[PDB]
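Here the structure comes first, spelled out in structure tokens, and everything after it is commentary.
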Amino acid sequence: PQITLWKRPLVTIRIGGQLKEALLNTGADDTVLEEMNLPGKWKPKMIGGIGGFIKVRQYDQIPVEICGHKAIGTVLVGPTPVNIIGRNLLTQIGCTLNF
Amino acid sequence: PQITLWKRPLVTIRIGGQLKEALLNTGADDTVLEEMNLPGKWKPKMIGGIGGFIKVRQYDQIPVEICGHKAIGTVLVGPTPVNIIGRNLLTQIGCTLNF
Amino acid sequence: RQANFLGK
């Protein structure tokens with residue numbers, strides 16, 4: 001697909017048959033999802049942006065289906081206003097910026 | 001050019017004769033640079049991120065060259081962790097996301 | 001991690 005930047009680059013992802021809308025975010029090193037219950041061991045982590053830091057839980061080797069593409073990696077869960085797909089998963093689906 | 005996301009997408013930009021490192025951020029609506037002076041009148045605005053709600057200075061119609069592609073639009077200046085090129089300037093240089 | 005997301 002070719003996604004233009006006139007609008008926020010929102011696409012549908014699927015995590016364990018829970019389907020949500022998330023932002024394709026080249027400005028994010030990590031993927032951060034608003035509250036969901038993921039299984040497995042989760043470790044506390046702090047991540048910052050504009051405004052400061054939020055506490056999130058880091059879940060490792062979590063399958064994420066982004067637009068037909070099978071993604072598997074680290075997913076952070078916390079009080080993020082919008083769901084974010086970061087560079088960790090973006091690189092796995094073969095995503096680039098082209099101009 | 002084509003930019004992969006294994007590393008953060010930092011590029012050199014020229015703004016007011018000055019060269020800076022900035023990050024191509026498709027998860028940012030707007031372009032925010034770290035503290036600096038620029039030519040103008042400016043309106044104060046508030047914008048929010050993962051952390052919350054900062055105060056920035058808004059400059060309108062400012063020329064910025066990104067990897068030599070010419071843009072002219074809004075540029076906010078404030079307490080951003082890194083220089084960020086948002087979607088308002090990314091669209092002008094015809095930047096897209098592909099996979 | 002700095003997931004520099006922004007709206008406004």
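Chain labels follow the order of the structure tokens: the first chain is A, the next B, and so on; residue numbering restarts at 1 in every chain, and ligands are counted from 1 in their shown order.
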Among chain A, which ones does DSSP assign to alpha helix (DSSP H) (computed from the backbone)? Answer as an mmCIF file with C-alpha atoms, in the first residue's frame.
data_model
loop_
_atom_site.group_PDB
_atom_site.id
_atom_site.type_symbol
_atom_site.label_atom_id
_atom_site.label_comp_id
_atom_site.auth_asym_id
_atom_site.auth_seq_id
_atom_site.Cartn_x
_atom_site.Cartn_y
_atom_site.Cartn_z
ATOM 1 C CA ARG A 87 9.582 1.489 14.110
ATOM 2 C CA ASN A 88 10.118 -1.951 15.835
ATOM 3 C CA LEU A 89 6.945 -3.374 14.049
ATOM 4 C CA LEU A 90 7.141 -0.865 11.059
#
Query - All residues 9 Å or closer to residue 2 of chain C, only C-alpha atoms, same chain fewer than 5 positions away omitted, as a ChimeraX atom specification - result: /A:27-30,47-50,53 /B:50,81
Store the residues picked out above, limited to C-alpha atoms, as a PDB file, in the first residue's frame.
ATOM      1  CA  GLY A  27       8.583   9.238  15.062  1.00  0.00           C
ATOM      2  CA  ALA A  28       8.099   6.363  17.601  1.00  0.00           C
ATOM      3  CA  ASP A  29      10.918   3.859  18.397  1.00  0.00           C
ATOM      4  CA  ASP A  30       8.296   1.505  20.085  1.00  0.00           C
ATOM      5  CA  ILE A  47       8.644   6.356  27.527  1.00  0.00           C
ATOM      6  CA  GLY A  48       8.666  10.062  26.701  1.00  0.00           C
ATOM      7  CA  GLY A  49       7.519  12.427  24.073  1.00  0.00           C
ATOM      8  CA  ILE A  50       6.321  16.026  23.846  1.00  0.00           C
ATOM      9  CA  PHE A  53       6.760  10.519  30.278  1.00  0.00           C
TER      10      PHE A  53
ATOM     11  CA  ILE B  50       2.326  11.129  24.712  1.00  0.00           C
ATOM     12  CA  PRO B  81      13.067  16.272  22.867  1.00  0.00           C
TER      13      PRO B  81
END
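Of the residues under consideration (B:1, B:51, B:16, B:78), B:51 shows the shortest atom-to-atom contact distance to residue 3 of chain C when counting only C-alpha atoms.
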List every residue of chain C that has an atom at most 6 Å from any atom of chain B, and for each one report the closest atom pair and its distance in Å to one decimal, counting only C-alpha atoms, with rows sorted by chain and then by increasing residue number, as a tab-separated table.
residue	atom	partner	partner_atom	distance
C:5	CA	B:27	CA	5.0
C:6	CA	B:28	CA	4.4
C:7	CA	B:29	CA	5.6
C:8	CA	B:47	CA	4.8
**Report entry** Separation of atom CA of residue 33 of chain B from atom CA of residue 75 of chain B, in Å and rounded to one decimal
**Finding:** 7.4 Å
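Separating atom CA of residue 9 of chain B from atom CA of residue 66 of chain B is a distance of 12.1 Å.
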Report task. Considering only C-alpha atoms, return as JSON, numbers by chain whatever protein or nucleic-acid residues lie within 7 Å of residue 61 of chain A, sequence-local ones (same chain, fewer than 4 positions apart) excluded. Result -> {"A": [72, 73, 74]}
With N, CA and C atoms retained, export the selected residues as a tab-separated table (two decimals), in the first residue's frame.
chain	number	residue	atom	x	y	z
A	72	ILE	N	5.47	-9.46	14.70
A	72	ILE	CA	5.74	-10.03	15.98
A	72	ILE	C	6.93	-9.36	16.72
A	73	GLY	N	6.60	-8.64	17.80
A	73	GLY	CA	7.69	-8.05	18.57
A	73	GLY	C	7.21	-7.48	19.83
A	74	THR	N	7.97	-6.51	20.30
A	74	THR	CA	7.69	-5.84	21.60
A	74	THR	C	6.49	-4.87	21.48
Report task. Rounded to one decimal place, report the atom CA of residue 36 of chain B-atom CA of residue 77 of chain B distance in Å. Result ->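 Atom CA of residue 36 of chain B sits 6.8 Å away from atom CA of residue 77 of chain B.
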Query - Backbone DSSP call of strand (DSSP E or B) for segment 17-91 of chain B, listed as a ChimeraX atom specification - result: /B:18-24,28,32-33,43-46,48-49,55-66,69-77,84-85
Residues of the last selection are to be written out with C-alpha atoms, as a PDB file, in the first residue's frame.
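Okay, this is what ended up in again32.pdb:
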ATOM      1  CA  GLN B  18      20.982  27.113   9.611  1.00  0.00           C
ATOM      2  CA  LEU B  19      21.439  23.360   9.290  1.00  0.00           C
ATOM      3  CA  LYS B  20      19.745  21.061  11.817  1.00  0.00           C
ATOM      4  CA  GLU B  21      19.116  17.280  12.365  1.00  0.00           C
ATOM      5  CA  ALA B  22      15.372  16.647  12.351  1.00  0.00           C
ATOM      6  CA  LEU B  23      13.214  13.485  12.594  1.00  0.00           C
ATOM      7  CA  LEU B  24      10.608  12.659   9.821  1.00  0.00           C
ATOM      8  CA  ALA B  28       3.076  14.329  14.252  1.00  0.00           C
ATOM      9  CA  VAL B  32       8.148  21.404  16.147  1.00  0.00           C
ATOM     10  CA  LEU B  33      11.796  22.468  16.503  1.00  0.00           C
ATOM     11  CA  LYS B  43       1.123  33.385  18.028  1.00  0.00           C
ATOM     12  CA  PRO B  44       1.456  31.305  21.151  1.00  0.00           C
ATOM     13  CA  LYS B  45      -0.179  27.907  20.834  1.00  0.00           C
ATOM     14  CA  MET B  46      -0.430  24.743  22.976  1.00  0.00           C
ATOM     15  CA  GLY B  48      -0.059  17.811  23.134  1.00  0.00           C
ATOM     16  CA  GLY B  49       1.911  14.501  22.874  1.00  0.00           C
ATOM     17  CA  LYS B  55       3.490  25.743  25.090  1.00  0.00           C
ATOM     18  CA  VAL B  56       5.214  26.518  21.758  1.00  0.00           C
ATOM     19  CA  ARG B  57       5.709  29.654  19.564  1.00  0.00           C
ATOM     20  CA  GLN B  58       3.979  29.434  16.166  1.00  0.00           C
ATOM     21  CA  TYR B  59       5.664  30.882  13.072  1.00  0.00           C
ATOM     22  CA  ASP B  60       3.613  30.848   9.811  1.00  0.00           C
ATOM     23  CA  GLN B  61       4.841  30.547   6.179  1.00  0.00           C
ATOM     24  CA  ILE B  62       8.570  29.641   7.003  1.00  0.00           C
ATOM     25  CA  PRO B  63      10.834  28.102   4.326  1.00  0.00           C
ATOM     26  CA  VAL B  64      12.436  24.826   5.264  1.00  0.00           C
ATOM     27  CA  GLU B  65      14.520  22.617   2.987  1.00  0.00           C
ATOM     28  CA  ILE B  66      14.290  18.906   3.781  1.00  0.00           C
ATOM     29  CA  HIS B  69      13.131  19.275  -1.152  1.00  0.00           C
ATOM     30  CA  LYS B  70      11.625  22.711  -0.650  1.00  0.00           C
ATOM     31  CA  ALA B  71       8.767  23.365   1.811  1.00  0.00           C
ATOM     32  CA  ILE B  72       7.055  26.617   3.160  1.00  0.00           C
ATOM     33  CA  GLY B  73       4.548  26.350   6.011  1.00  0.00           C
ATOM     34  CA  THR B  74       3.951  26.498   9.743  1.00  0.00           C
ATOM     35  CA  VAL B  75       6.732  25.804  12.197  1.00  0.00           C
ATOM     36  CA  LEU B  76       6.225  25.636  15.969  1.00  0.00           C
ATOM     37  CA  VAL B  77       9.236  26.151  18.337  1.00  0.00           C
ATOM     38  CA  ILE B  84      10.416  16.976  14.364  1.00  0.00           C
ATOM     39  CA  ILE B  85       9.187  17.385  10.750  1.00  0.00           C
TER      40      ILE B  85
END
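The smallest atom-to-atom distance between chain B and any of A:99, A:92, A:11, A:68, using only C-alpha atoms, is found for A:99.
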